[PDB]
């Protein structure tokens, strides 16, 4: 074909005088996640005067998050994203932070992360898996679209609410009184356009990007899942760094994270107004009957694990 090196050929080529960091992510070119990673790369090159460089591998081209995190464990990848709650697959008590409605908002989720419990989870990520969590970035709060108005929890009765295969999404739809319809992402839009399904749930950027809004006349601000992305660095990569480079990385990640978090909050405000401007009916149902409907979910969790993890988290 053409004499052009592939991404695989260049992956392990190091830069001279500079420390080349590779970062993978599932999010695609054009996403806020990818844009913030680009900003992180530019800040690192600036703060380090070219001595730290960042190469980006989006769209899960290196594998999914499970594979990419393994690569950090083994030193084959330097940085990746992973949700705080996603740690639950490896450290079961971490799942508590992604049960529907446990995090009231991102300030609450941030406090969970920075607490002794969060530090406990982060210490175990590092001891077992060589995952050093540098920061948590707000990545959006899920809301509920639908083909009829959602003014109260009473309205979910008889709602066929699309939900992905994930356990907590399913817990949300069922414990709310709706009837969950598990389904792959690529089939949601159509399912809603023909009203083969009644609604779905996702953060506002996903609803905009997938154009779900044009097949849904209503949006309810259910605030049922607050999402984050942690920025994780491989511990083997970290210990190779001078204390100067360590500090540049920590400060660059904090700075980009503040901007990322602020950007997501900004986008959510614009999308609500964009959805209203398109004719969508936006409701703010009382959330307390949703938080009470999740109460059996919570004490179940605290029982099997044997510790009051969820109740601890709700008081933070």
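Numbering follows the first chain given and starts at 1.
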**OP:** Select between 105 to 113 and 237 to 245 the stretch whose C-alpha atoms have the higher average B-factor in the entry.
**Re:** 237 to 245
Original post:
Higher mean Cα B-factor in the deposited model: 170 to 178 or 130 to 138?
Top reply: 170 to 178
Original post:
Which one of 78, 143, 124, 154 shows the top CA temperature factor in the record?
Top reply: 154
**OP:** Between 218, 195, 229, 222, let me know which has the highest C-alpha B-factor in the entry?
**Re:** 195
**OP:** Going by the recorded CA B-factors, say which third of the chain residue 268 sits in, lowest, middle or highest.
**Re:** lowest
**OP:** Grab the CA temperature factor for residue 86 from the record and place it in the lowest, middle or highest third of its chain.
**Re:** lowest
Subject >> For residue 204, the third of its chain into which the C-alpha B factor falls >> reply: lowest
Original post:
If you rank every modelled residue in this chain by C-alpha B factor, which third holds residue 50: lowest, middle or highest?
Top reply: highest
**OP:** Would you mind ranking residue 289 by its C-alpha B-factor against the rest of the chain and naming the third, lowest, middle or highest?
**Re:** highest
